[PDB]
Amino acid sequence: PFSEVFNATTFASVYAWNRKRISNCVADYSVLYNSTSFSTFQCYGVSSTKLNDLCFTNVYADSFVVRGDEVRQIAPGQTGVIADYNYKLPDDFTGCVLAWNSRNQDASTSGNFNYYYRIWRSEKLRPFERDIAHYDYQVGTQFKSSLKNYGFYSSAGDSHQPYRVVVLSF
Amino acid sequence: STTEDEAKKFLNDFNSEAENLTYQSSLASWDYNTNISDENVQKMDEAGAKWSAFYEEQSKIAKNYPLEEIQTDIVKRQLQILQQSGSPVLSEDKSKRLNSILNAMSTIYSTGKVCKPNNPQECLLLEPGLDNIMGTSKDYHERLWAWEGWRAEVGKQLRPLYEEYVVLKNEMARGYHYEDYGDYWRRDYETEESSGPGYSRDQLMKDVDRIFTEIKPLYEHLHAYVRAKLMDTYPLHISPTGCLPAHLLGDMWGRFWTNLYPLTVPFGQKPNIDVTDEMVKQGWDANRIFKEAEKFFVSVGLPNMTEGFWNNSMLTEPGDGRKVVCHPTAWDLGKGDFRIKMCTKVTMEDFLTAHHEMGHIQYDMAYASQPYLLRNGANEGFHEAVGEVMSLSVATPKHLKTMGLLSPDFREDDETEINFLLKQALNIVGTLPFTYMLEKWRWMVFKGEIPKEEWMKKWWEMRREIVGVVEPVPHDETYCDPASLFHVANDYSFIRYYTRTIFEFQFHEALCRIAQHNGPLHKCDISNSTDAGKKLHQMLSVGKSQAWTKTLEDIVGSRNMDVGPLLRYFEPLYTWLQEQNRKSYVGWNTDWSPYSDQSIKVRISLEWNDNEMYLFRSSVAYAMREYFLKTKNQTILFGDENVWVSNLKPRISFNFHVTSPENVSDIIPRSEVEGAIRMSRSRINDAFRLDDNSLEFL
Ligand SMILES: *[C@@H]1O[C@H](CO)[C@@H](O[C@@H]2O[C@H](CO)[C@@H](O[C@@H]3O[C@H](CO[C@H]4O[C@H](CO)[C@@H](O)[C@H](O)[C@@H]4O)[C@@H](O)[C@H](O[C@H]4O[C@H](CO)[C@@H](O)[C@H](O)[C@@H]4O[C@H]4O[C@H](CO)[C@@H](O)[C@H](O)[C@@H]4O)[C@@H]3O)[C@H](O)[C@H]2NC(C)=O)[C@H](O)[C@H]1NC(C)=O
Ligand SMILES: *[C@@H]1O[C@H](CO)[C@@H](O[C@@H]2O[C@H](CO)[C@@H](O)[C@H](O)[C@H]2NC(C)=O)[C@H](O)[C@H]1NC(C)=O
Ligand SMILES: *[C@@H]1O[C@H](CO)[C@@H](O[C@@H]2O[C@H](CO)[C@@H](O)[C@H](O)[C@H]2NC(C)=O)[C@H](O)[C@H]1NC(C)=O
Ligand SMILES: *[C@@H]1O[C@H](CO)[C@@H](O[C@@H]2O[C@H](CO)[C@@H](O)[C@H](O)[C@H]2NC(C)=O)[C@H](O)[C@H]1NC(C)=O
Ligand SMILES: *[C@@H]1O[C@H](CO)[C@@H](O)[C@H](O)[C@H]1NC(C)=O
Ligand SMILES: *[C@@H]1O[C@H](CO)[C@@H](O)[C@H](O)[C@H]1NC(C)=O
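A tally of regular secondary structure across chain A gives 4 helices and 8 strands. Its helices and strands in sequence order give chain A the pattern α-β-α-β-α-β-α-β-β-β-β-β, from N to C terminus. Here the C-alpha radius of gyration of chain A, 17 Å, is about what a compact globule of 170 residues would show, namely 15 Å. Residues counted as buried form 47% of the 170 residues belonging to chain A. Intrachain contacts of chain A at a sequence separation of at least 6 include 79% that bridge at least 24 residues. With an accessible surface of roughly 8,400 Å², chain A has 49% of that area assigned to carbon and sulfur atoms. Averaging the coordinates of the 16 positive side-chain charges in chain A and doing the same for the 15 negative ones gives two points 4 Å apart.

As structure tokens, then:
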């Protein structure tokens, strides 16, 4: 709910996201409600209306630039490359997920290849754990990196456009 | 671990590295096609080189996964697509020779010229020059010059290139574990359904034979009507019983009969539909045309055009100094990028072409959710079938009336529907025997059922028997008449145009049944039909994830190709043609030719190879020269190329006739040639050391 989480110039990749711990009391949530710039504001465990008066011990905010068609994978309870090998949410989730398009900042005409995702892991990720280790994996008869970079072009559809996703955790 | 997991990992990595290269290649191709320059050729060449090298390499790894140990259908289909096409087993010199042969054939087709007999400096290319004559001229002799100069100055160049091309392509297809190149072309329609046996590659041949048998009577009646109308124009050139000459069919090859419409129109006093003036009025531009197409597709429930479609597509010719390719194409660039490149004029043809290309784009965004290998049509006919059935629904006069382009005072009588159905049939029914016969000839050329010494003989036998079209000039093995077509000289399969029409009219009948249409099928509009659009979107959503038989059964209720919807569409035209062809002869004989009545039959009675045939042609030319000098006091330089030989038995008999120099349409009368033979019989019979009894000269 802070300004520096949602207005950061550089956002983290999905495989190595940025978690920010918030323990203040300045949380009005009216900007998030009435911004009308969020493509996804659906969340679970709370009604998203009694959020202003309720208090919590700590608030954890994440940040990734996943593609448009894997914003739905940030929900709990389904598969997908982001949901399995990247950021994974537990079945009992008591936070909120916010996402918006970032074609003007994270896409270019020649392509923006600065954002990476993990294509394969040895085992599925447990909820709320992160791995940054650069390793190669085996396909066919060749060894190649497990981190593939997103191809973010300006002349691409909404499913292939960058989306800055901020996930609150209470 | 298990091979399914390894195949899934390989396919995931291939997709992740493949949308990248496909999108980069598509962007380079778009930058060339909307901005033609030498700088943009190299970028496309580089991007295509990277994509092709990646594809052949990944097919080489893809061959390492055995298909018999995969249970998931999607992985099976993706690996089948990857393993079917890749790097051939051909050696580097043979592959270089094949590439050089293909480039030579394309260059000969694109740069061949035909020069006038009177003006050697007036040489005409095919696309602006000879196509205009073949589509617009009503002169028998000019059309004969254009038809005979082509296939002689171009097809004779393409004959040895095609002879080497057949061998090289058959070797390449045998390297892919196929019987020949025809089997490799028929691999598109092969499926493995879960329930029962699937579609085979021989089943395609059996099905197209059955479909042609079913369409034979309607084509026979249309042929009889066109012959009766083409007897008025060109009198004393068409037999009432025989085949139609190949150079009077509206184009160079007789592929479409649409240019015969001014000659074969019923009820010429009735004006046809032409709303082009109504869009010159009311301020219509290209944007209005494409917005109306988008409105039509929204009316059935299909999605809107994307925001990037309206920004990135080239809907008009650029006002600045940018050279573009003015061919209407719908582009699926990848990563959700759909564009249309077309130079839209304010015309009805451009309106219907916009609806066609928007149907292509709708198919693309429907199957965009599939994996990259499966993002195509169900077979090669489905895309064009969807485009033509959208164009069929849009072009109805009721749709134009509710669009405002047609005045409410316009009344649809029975005469206007006959004109519309005949104009449709000259493009739809007239092209089906030609397509079937050309694909049949190519299939038995690749299979080996036609030997190399019978190519033209079998070509003009099946042209007479199947299409009902006779050649105006006899053609020996020096000619290559199929190679004079674009698709044959540029290595393009042709059966997609055959299957497109059948699938298109099947889809039309299904969607008009769903839309609760009660009238005749040619007056059907699927606008505002959310059920028809729902069924169509269920069809288009599965691109190649399942068999095309299952998709066809899902949309039309039948697993097989059925031409019954096509015959039901043209039923009023069939009834009218049956009523008109009561005083005419329906059908044709394969014996009449334009040169048949004036030819003299020569019997050989006894080493008569091609050299003795050249000597005989020279003797006949000398006798012609002597007769014309000593009888009519005229000098005419008859040559061996002016003596045409037909019905050549290897050593038994043949027929010959003489044509004039500088005029291939001027066949010398048979009495004059007989008098020339009887005038100079001594030299002709002394050139081969024989008497007059052995050469009968009947
Ligand atoms: C779609 O197509 C595009 C085409 O551009 C392609 O983008 C390119 O991706 C590759 C692969 O990720 C990028 O190359 C990597 O880039 C950085 C360094 O790049 C800097 O310099 C280049 C100048 O060329 C700049 O463009 C760029 O912005 C950066 O400033 C490194 O992360 C990578 O090096 C690692 O990988 C190499 C692979 O062999 C190793 O040789 C190398 O040593 C590095 O690996 C090691 O790194 C650490 C070393 O200590 C270690 O911890 C690790 O374990 C490991 O051993 C690499 O060079 C390239 O820049 C992109 N090109 C652009 C942006 O123009 C996309 O990849 C492609 N997408 C898909 C999905 O196929
Ligand atoms: C059409 O293509 C030409 C090249 O043939 C483009 O001109 C290039 O523009 C880039 C970007 O400014 C320059 O770096 C190049 O040097 C230019 N090349 C040449 C040969 O001048 C041109 O921009 C293209 N036009 C459009 C509208 O895209
Ligand atoms: C069915 O589609 C037709 C066009 O094919 C629409 O008909 C016209 O729509 C406009 C705009 O709403 C009206 O002003 C006209 O009166 C309609 N009729 C005619 C004869 O032009 C129609 O709107 C569509 N149906 C629905 C329910 O939207
Ligand atoms: C080439 O020969 C044809 C056929 O002899 C000429 O065309 C006409 O032929 C008819 C009979 O078929 C004659 O009655 C006409 O006199 C011929 N000429 C014309 C001008 O109609 C044709 O003229 C000859 N020449 C060319 C250049 O095609
Ligand atoms: C399609 O676009 C038009 C014009 O913007 C809009 O009115 C309509 O609601 C859109 N349809 C759908 C199904 O989104
Ligand atoms: C399309 O172009 C308009 C007008 O320039 C612009 O406002 C809009 O953002 C563009 N849409 C895209 C790039 O998706």
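Here we come to the interface of chain B and chain A. Tallying the contact residues gives 20 residues for chain B and 18 residues for chain A. Together, the buried faces of chain B and chain A total about 1,400 Å²; carbon and sulfur atoms form 52% of this surface. For the pair chain B and chain A, the interface holds 1 salt bridge. Salt-bridge contacts for A:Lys148 lead to B:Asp13; the nearest nitrogen and oxygen are separated by 3.1 Å. Sorting the residues of the side of chain B that touches chain A by element identifies α1 (3–33), α2 (38–62) and β5 (337–341) of chain B as the ones contributing at least two each. Residue contributions to the side of chain B that touches chain A peak at 11 residues, all from α1(B). Split into classes, the residues belonging to the side of chain B that touches chain A amount to 5 nonpolar, 7 polar and 8 charged.

A few words now on the UniProt feature "binding site: Zn(2+) 1" (unreviewed entry) in chain B. Residues and elements named next belong to chain B. Per the UniProt record, "binding site: Zn(2+) 1" (unreviewed entry) is annotated on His356, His360 and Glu384. Look at the named residues: they lie 29 residues apart in sequence, but the longest C-alpha span between them is just 8.2 Å, so in the fold they bunch up. As for its placement among the helices and strands, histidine 356 is situated in helix α14 (residues 348–367). Excluding residues within four positions of it along the chain, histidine 356 makes contact with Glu384, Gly387, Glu388 and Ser391.

Attention now goes to the packing of helix α7 (residues 155–175) of chain B against helix α18 (residues 432–447) of chain B. All names here are of chain B. Their axes nearest at 10 Å, the elements α7 and α18 cross at an angle of 70°. For the element pair α7 / α18, the angle class is roughly perpendicular. Here α7 runs over α18; the crossing is right-handed. Contact residues: α7 offers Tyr162, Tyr165, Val166 and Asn170, while α18 offers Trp441, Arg442, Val445 and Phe446. Classifying every residue of the contact of α7 with α18 by side-chain character gives 6 nonpolar, 1 polar and 1 charged.

All right, on to the packing of aromatic side chains then. Residues and elements named next belong to chain B. One pass over the structure, following the stated rule, counts 74 aromatic pairs over all chains. Where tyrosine 176 meets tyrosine 184, the ring centres are 5.4 Å apart and the plane angle is 10°; that geometry is what we call stacked. Here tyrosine 176 and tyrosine 184 have matching classes, each one buried. Residues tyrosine 181 and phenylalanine 446 carry aromatic rings whose centres are separated by 5.3 Å and whose planes lie at 75° to one another, so their mutual orientation is edge-to-face. Placement of the pair is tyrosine 181 in helix α8 (residues 181–186) and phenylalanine 446 in helix α18, with a sequence separation of 265 residues.

The next subject is the nonpolar core. B:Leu130, B:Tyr162, B:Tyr165 and B:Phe570 are the most contacted members of the largest nonpolar core, which has 167 residues in total. Every residue in contact with B:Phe570, bar those within four places of it in the chain, is listed here: B:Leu218, B:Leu421, B:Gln424, B:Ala425, B:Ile428, B:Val429 and B:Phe505.

Bringing the pattern of salt bridges into the picture now. Under the criterion given, the structure shown has 45 salt bridges over all chains. A salt bridge links B:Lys9 to B:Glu6, with the nearest nitrogen and oxygen atoms 3.4 Å apart. Of this pair, B:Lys9 and B:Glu6 are both found in helix α1, 3 residues apart, which corresponds to roughly one turn of the helix. For B:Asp320, the salt bridge identified is with B:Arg322, shortest N-O distance 3.4 Å. Among the charged side chains, a network of salt bridges with common partners joins A:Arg118, A:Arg121, A:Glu123 and A:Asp131.

Residue and element names in this part refer to chain A. Taken in spatial order, the 4 strands of this open sheet run β1-β2-β8-β3, and their pairing is antiparallel. In this open sheet, the two strands that pair with only one neighbour each are β1 (20–22) and β3 (97–101). Between one strand axis and the next, the sheet turns through 20° on average, direction left out of account. Relative to strand β2 (residues 59–61), β1 runs antiparallel, the two being bridged by 3 bridges. From the neighbouring strand, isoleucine 22 faces β2, where its bridge partner is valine 59.

Taken together, A:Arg103, B:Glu307 and B:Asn311 make up all the residues around ligand 6. Around ligand 6, the nearby residues trace back to chains A and B. With respect to ligand 6, the side chain of B:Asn311 contributes an N or O atom lying 2.3 Å from an oxygen atom. Protein chains bury 37% of the 360 Å² of accessible surface belonging to ligand 6 in isolation.

All names here are of chain B. Taken together, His141, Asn663, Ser665 and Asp666 are the residues near ligand 4. Here an oxygen atom of ligand 4 and a side-chain polar atom of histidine 141 are 2.7 Å apart. If ligand 4 stood free it would expose 560 Å²; the protein chains cover 35% of that surface. Of the residues contributing to the shell around ligand 4, the split by class is no nonpolar, 3 polar and 1 charged.

Residue and element names in this part refer to chain B. The element helix α6 (residues 140–149) is largely enclosed, with a buried count of 8 among its 10 residues. Buried-residue contacts for α6 involve β1 (113–115), β2 (123–125), α5 (126–136), α19 (455–467), β8 (643–646) and β10 (663–667). At the exit of α6 stands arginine 151, carrying a positive phi of roughly 70°.

Domain boundaries in chain B define domain 1 (3–84), domain 2 (276–418 + 497–570) and domain 3 (600–686). The centre of domain 2 of chain B, based on its C-alpha atoms, is set 57 Å off from the matching centre of domain 3 of chain B.

A word on α2(B). Look at α2(B): 36 Å from first C-alpha to last across 25 residues, which is about the 36 Å you get at 1.5 Å a residue. Against the buried residues of α2(B) lie β6 (142–145) of chain A together with α1 and α3 (73–84) of chain B. Where α2(B) starts, the residue carrying a side-chain oxygen 3.4 Å from the main-chain nitrogen of B:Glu39 turns out to be B:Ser37.

Moving on, we come to the state of the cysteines. Residues and elements named next belong to chain B. Applying the stated criterion across every chain yields a total of 4 disulfides over all chains. Between the sulfur of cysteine 326 and that of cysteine 343 lies a disulfide, 2.0 Å long from S to S. Between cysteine 326 and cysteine 343 the disulfide shows an S-S torsion of about -115°. By sign, it is left-handed. Here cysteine 326, found in the loop between α13 (307–312) and β4 (329–334), pairs with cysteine 343, found in the loop between β5 and α14; they are 17 residues apart in sequence, far enough to count as distant. Here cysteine 343 falls in the buried class, since its relative accessible area comes to 8%. Here the disulfide map of chain B reads 1-2, 3-4, 5-6, the bonded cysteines being numbered as they appear in the sequence.

Before going further, it helps to spend a moment on the UniProt feature "binding site: chloride" (unreviewed entry) in chain B. Residues and elements named next belong to chain B. The positions UniProt marks with the feature "binding site: chloride" (unreviewed entry) are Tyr189 and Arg496. Annotated residues spanning 308 residues; largest pairwise C-alpha distance 10.1 Å, indicating a single compact cluster. Summarising the element assignment, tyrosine 189 is placed in the loop between α8 and α9 (201–232). Residue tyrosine 189 is classed as buried on the basis of its relative accessible area, which comes to 0%. Positionally, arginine 496 belongs in helix α21 (residues 495–514). A relative accessible area of 24% means that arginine 496 is categorised as partly exposed. Apart from residues lying up to four places away in sequence, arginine 496 is in contact with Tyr189, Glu380 and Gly381. Reaching out from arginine 496, the side chain makes a polar contact with the backbone oxygen of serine 493 at a distance of 2.5 Å.

Parameters and conventions
Residues numbered from 1 in each chain as written, not as in the entry; some residues may be left out. Chains lettered and ligands numbered in written order. Heavy atoms only, no water. Helix = DSSP H or I, 4+ residues; strand = E, 2+ residues; numbered from the N terminus. Rg over C-alpha atoms; globule rule 2.2 N^0.38 Å. Buried < 20%, exposed > 50% of the residue type's maximum accessible area, 1.4 Å probe, protein only. Contact = heavy atoms within 4.5 Å. Areas by Shrake-Rupley, 256 points an atom, 1.4 Å probe, with all protein chains shown as cover. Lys, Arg positive; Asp, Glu negative; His and termini not counted. Charge placed at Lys NZ, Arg CZ, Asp CG, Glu CD. Buried area = accessible area lost by both parts, 1.4 Å probe. Salt bridge = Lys/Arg side-chain N within 4 Å of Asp/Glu carboxyl O. Nonpolar A, V, L, I, M, F, W, Y, C, P; charged D, E, K, R; others polar. UniProt positions renumbered as here; feature names shortened; annotations may be inferred. Axes fitted to C-alpha atoms, helices over the stretch in contact; angles between N-to-C directions. Parallel < 35°, antiparallel > 145°, perpendicular 65-115°, else oblique. Left-handed = near helix turned anticlockwise from the far one by under 90°. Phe/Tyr/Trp six-rings, centres within 6.5 Å; stacked < 30°, edge-to-face > 60°. Core = buried A, V, L, I, M, F, W, Y, C linked by side-chain atoms within 4.5 Å. Pairing = 2+ DSSP bridges. Near = heavy atom within 4 Å. Polar contact = N/O pair within 3.5 Å; in protein donor to acceptor, adjacent residues only side chain to side chain. Domains from an automatic or database assignment. Expected span 1.5 Å × (residues − 1). Disulfide = S-S within 2.5 Å.

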